[PDB]
Amino acid sequence: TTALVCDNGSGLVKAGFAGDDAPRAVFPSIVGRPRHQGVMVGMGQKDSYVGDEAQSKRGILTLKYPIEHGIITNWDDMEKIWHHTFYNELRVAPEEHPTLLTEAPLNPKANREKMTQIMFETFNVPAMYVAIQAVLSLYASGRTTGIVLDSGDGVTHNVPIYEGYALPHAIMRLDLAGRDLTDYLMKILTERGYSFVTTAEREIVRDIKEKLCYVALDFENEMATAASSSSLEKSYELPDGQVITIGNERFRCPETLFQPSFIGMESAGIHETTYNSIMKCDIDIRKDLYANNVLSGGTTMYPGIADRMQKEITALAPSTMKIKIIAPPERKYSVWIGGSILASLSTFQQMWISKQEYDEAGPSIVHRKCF
Amino acid sequence: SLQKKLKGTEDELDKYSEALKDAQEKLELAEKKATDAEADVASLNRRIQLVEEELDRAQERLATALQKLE
Amino acid sequence: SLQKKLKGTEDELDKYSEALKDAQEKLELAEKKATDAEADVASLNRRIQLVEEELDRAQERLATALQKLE
Ligand SMILES: Nc1ncnc2c1ncn2[C@@H]1O[C@H](COP(=O)(O)OP(=O)(O)O)[C@@H](O)[C@H]1O
Ligand SMILES: [Mg+2]
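- Its PDB header names cryo-EM as the technique used to obtain the model and reports a resolution of 3.3 Å.

What follows is the structure, given as structure tokens:
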């Protein structure tokens, strides 16, 4: 048989078979329903639109995200998305395919319990397993030590690992992620005159952020430069024309990751949380954590993020320590590649949660010897 | 009479429309290439100045160590 | 009846030709900018390696001077 690797994530679902190099199917985790009435008779449209199909009919739909920050708030929509992934995209029956799921650190136990219950009872998978994003990112990066930063669309967390031994007391979790950046981009575009409110225009703002935004090495210097020169303006084409221009907002939105005070958050920037997490570890393992800083996740795909992160860390870390940052080109799909590597290991075949074993041990088996 | 003139005009319109479409496609291709090159060169500008400053302070430290050793 | 259609076709053909000329001009400008950026980045990446080796030699000399000082 073969193993199936899934990654619910947040805002993007990427799933495929184990042993492959890239996910076979990638689509947003969006479920939509029509908010209008409809006058044509005999069309026979379905009740709800899920996955990438709902993106093609964005104009007559309202979009809801079942996952807010790692956790799952709506379960019927989550089951719909899982059914879509298992049937429409992969065309495989989950009755004979073990499923490896992915979960963020510092999450409620109820999430894992309900995930396993739905997987075992609604889909009848022969076996399953739940794993942490950061460990699988470290698997994909080819390292065995080093503090790893994972900033997706829902949550940002740092997990330091040394010689294959995790340090749970030094794991930091922050809710600042891409969705908050998109919301701040909305809040800042109104200053120029462009107002986006509808959930359909959330995708437009997200596309603008993805294709146009960049991280500035210096904030004050860039603000001074853009206040006089006009070389920073770039134009964007809306889905119906009406070209728009954007100036300072090009680099102010990503600065929220380093200046959380922009959106009123009390916490400090990722450049400081990473250093704090490194300092929470021992004193003999800090060299390898400094020299093996790993970045992964969608929000990390900003151009110029690595240079600013390294500059800030070097400004914080002692001058003697060498600071290195690993930013592979395939940062977004690092977690899935790590999952594909892990599920194909021979020693992993006895760490699955079996069907009868789960039946004996109850839904709370997840936190037992089998993780 | 007029029908051949209209047919020729339509054929010319189609030909110039195809040429215009190709012109755009090449325009976005060139613009994307130029933007990528500009982003890369700016990033490694920042890298090269920071590296040069690192070399400068390394030389200063070496001079201080040399005089202290003397 | 057909005269208005012919006039509209001629007008849109003229607009298409003007757009084509503008597209060619913009493509030429973008290509020139891309070539300039490529030359600049080539010089930058061929001189950054010299800067890196210089700083490495400086830091090695710093280390050996510190050892002799100790
Ligand atoms: N090329 C890009 N540039 C900037 N941001 C991006 C890019 N690609 C994706 N993103 C952001 O990353 C998010 C997707 O993150 P994702 O990899 O799904 O995290 P997770 O796997 O934890 O759900 C999107 O919301 C998007 O805003
Ligand atoms: Mg993720």
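1. Points about the overall build of chain B
- A count of helices and strands for chain B gives one helix and zero strands.
- For 70 residues, the compact-globule estimate of 2.2 N^0.38 gives 11 Å, and chain B exceeds it by more than 25% at 30 Å.
- Considered along the principal axes of its C-alpha atoms, chain B spans approximately 100 × 10 × 10 Å.
- Counting all 70 residues of chain B, 23% fall into the buried class.
- Computed over 13 positive and 18 negative side-chain charges, the separation of the two mean positions in chain B equals 5 Å.

2. Brief notes about the overall build of chain A
- Broken down by element type, chain A carries 13 helices and 18 strands.
- Since a compact globule built from 371 residues should have a radius of gyration of about 21 Å, the 22 Å found for chain A is in line with a globular shape.
- The C-alpha extent of chain A, read off along each of the three principal axes, is 70 × 70 × 35 Å.
- When burial is assessed residue by residue, chain A has 52% of its 371 residues classed as buried.

3. Structural notes on the UniProt feature "binding site: ADP 2" (unreviewed entry) in chain A
Residues and elements named next belong to chain A.
- In the numbering adopted here, UniProt assigns the feature "binding site: ADP 2" (unreviewed entry) to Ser-10, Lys-14, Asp-153, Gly-298, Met-301 and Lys-332.
- Here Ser-10 is in contact with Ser-29, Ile-67, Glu-68, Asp-153, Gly-154 and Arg-179, once residues within four sequence places are set aside.
- For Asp-153, the contacting residues outside a window of four places in its chain are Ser-10, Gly-11, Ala-177, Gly-178, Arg-179 and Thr-299.
- Here the side chain of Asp-153 touches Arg-179 through a polar contact of 2.7 Å, landing on its backbone nitrogen.

4. Comments concerning the site of ligand 1
All names here are of chain A.
- Near ligand 1 you find 14 residues, and of these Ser-10, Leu-12, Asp-153, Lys-209 and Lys-332 are the closest.
- Taking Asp-153, its side chain carries an N or O atom lying 3.1 Å from an oxygen atom of ligand 1.
- One nitrogen or oxygen atom from the side chain of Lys-332 is found 3.0 Å from a nitrogen atom belonging to ligand 1.
- Among the residues forming the shell around ligand 1, the class breakdown is three nonpolar, five polar and six charged.

5. Some details on the sheet that holds strand 4 (residues 31-34) of chain A
All names here are of chain A.
- What the three strands build is an open sheet, ordered 5-4-6; its pairing is antiparallel. With one partner strand each, in any of the chains shown, strand 5 (49-50) and strand 6 (61-64) form the two edges of the open sheet.
- Taken together, the two bridges between strand 4 and strand 5 define a ladder with antiparallel strand orientation. Bridged to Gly-32 within strand 5 is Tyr-49.

6. Describing the relation of the copies chain C and chain B
- In screw terms, the move from chain C to chain B is a rotation of 173° and a rise of 1.2 Å along the axis, fitting with an RMSD of 1.8 Å.
- A shared binding surface is used by both copies, with 88% of the interface residues of chain C retained as interface residues in chain B.

7. A short note on the interface of chain C and chain B
- Every contact between the two is made by 32 residues of chain C and, on the other side, 33 residues of chain B.
- Buried area between chain C and chain B, both sides added, is near 3,100 Å², and the carbon and sulfur share of it is 85%.
- Here chain C is connected to chain B by one salt bridge.
- With a shortest N-O distance of 2.6 Å, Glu52(B) and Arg47(C) are connected by a salt bridge.
- Counting every contact that joins chain C to chain B gives one residue pair in polar contact.

8. Considerations on the packing of helix 5 (residues 178-192) of chain A against helix 6 (residues 199-212) of chain A
Residues and elements named next belong to chain A.
- Two numbers describe how helix 5 lies on helix 6: the axes approach to 9 Å, and their chain directions differ by 100°. As summarised for this structure, helix 5 and helix 6 are arranged roughly perpendicular, according to the angle between their axes. Each of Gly-178, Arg-179, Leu-181, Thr-182, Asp-183, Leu-185 and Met-186 in helix 5 lies in contact with helix 6, whose residues at this interface are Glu-201, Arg-202, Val-205, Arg-206 and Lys-209.
- For the contact of helix 5 with helix 6, the class distribution of residues is four nonpolar, two polar and six charged.

9. Describing the pairing of strand 16 (residues 293-296) of chain A
Residue and element names in this part refer to chain A.
- Burial along strand 16 is two-sided: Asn-293 and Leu-295 and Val-294 and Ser-296, pointing in opposite directions, are all buried.
- When strand 16 meets strand 17 (residues 325-326), the two strands line up parallel, connected through two bridges. When the bridges of strand 17 are listed, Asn-293 appears paired with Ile-325.
- Each parallel crossover has a hand, and the one from strand 16 via helix 11 (residues 305-316) to strand 17 is right-handed.

10. Observations concerning the packing of helix 2 (residues 75-89) of chain A against helix 3 (residues 109-122) of chain A
All names here are of chain A.
- Close contact between helix 2 and helix 3 brings their axes to 12 Å; oriented N to C, the two are set at 45°. With respect to helix 3, the element helix 2 is oriented oblique. Here helix 2 runs over helix 3; the crossing is right-handed. Contact residues: helix 2 offers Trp-75, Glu-79, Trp-82 and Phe-86, while helix 3 offers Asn-111, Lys-114, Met-115, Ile-118 and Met-119.
- Classifying every residue of the contact of helix 2 with helix 3 by side-chain character gives six nonpolar, one polar and two charged.

11. Here we look at the state of the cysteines
Residues and elements named next belong to chain A.
- The full count for this structure, using the stated rule, is zero disulfides over all chains.
- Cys-370 forms no disulfide, and the closest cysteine sulfur to it belongs to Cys-6, at a distance of 19 Å.
- Judged by relative accessible area, which is 13%, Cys-370 ranks as buried.

12. Here's the deal with the arrangement of the chains
- In this assembly, two pairs of chains are in contact, and the pair contributing the most contacts is chains B and C.
- The two units chain A and chain C never meet; even their closest C-alpha atoms stay 11 Å apart.

13. Quick notes on the UniProt feature "binding site: ADP 1" (unreviewed entry) in chain A
Residue and element names in this part refer to chain A.
- Under the UniProt annotation, "binding site: ADP 1" (unreviewed entry) lies at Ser-10, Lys-14, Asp-153, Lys-209, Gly-298 and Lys-332.
- Relative to the assigned elements, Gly-298 resides in the loop between strand 16 and helix 11.
- Judged by relative accessible area, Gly-298 falls into the partly exposed class, the value being 36%.
- Beyond its immediate chain neighbours, meaning those up to four positions away, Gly-298 contacts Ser-151, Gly-152 and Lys-332.

14. Some points on the side chain of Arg331(A)
Residues and elements named next belong to chain A.
- Locating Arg-331 in the fold gives a position in the loop between strand 17 and helix 12 (334-343).
- With no salt bridge to any partner, buried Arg-331 finds its closest opposite charge in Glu-330, at an N-O distance of 7.7 Å.
- Here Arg-331 is in contact with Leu-295, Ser-296, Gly-297, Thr-300, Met-301 and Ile-305, once residues within four sequence places are set aside.

Calculation rules
- Residues numbered from 1 in each chain as written, not as in the entry; some residues may be left out.
- Chains lettered and ligands numbered in written order.
- Part of a larger assembly, values for the part shown.
- Heavy atoms only, no water.
- Helix = DSSP H or I, 4+ residues; strand = E, 2+ residues; numbered from the N terminus.
- Rg over C-alpha atoms; globule rule 2.2 N^0.38 Å.
- Buried < 20%, exposed > 50% of the residue type's maximum accessible area, 1.4 Å probe, protein only.
- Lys, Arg positive; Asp, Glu negative; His and termini not counted.
- Charge placed at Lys NZ, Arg CZ, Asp CG, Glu CD.
- UniProt positions renumbered as here; feature names shortened; annotations may be inferred.
- Contact = heavy atoms within 4.5 Å.
- Polar contact = N/O pair within 3.5 Å; in protein donor to acceptor, adjacent residues only side chain to side chain.
- Near = heavy atom within 4 Å.
- Nonpolar A, V, L, I, M, F, W, Y, C, P; charged D, E, K, R; others polar.
- Pairing = 2+ DSSP bridges.
- Least-squares fit on C-alpha atoms.
- Buried area = accessible area lost by both parts, 1.4 Å probe.
- Salt bridge = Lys/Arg side-chain N within 4 Å of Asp/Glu carboxyl O.
- Axes fitted to C-alpha atoms, helices over the stretch in contact; angles between N-to-C directions.
- Parallel < 35°, antiparallel > 145°, perpendicular 65-115°, else oblique.
- Right-handed = clockwise from strand over helix to strand, strands pointing away.
- Left-handed = near helix turned anticlockwise from the far one by under 90°.
- Disulfide = S-S within 2.5 Å.

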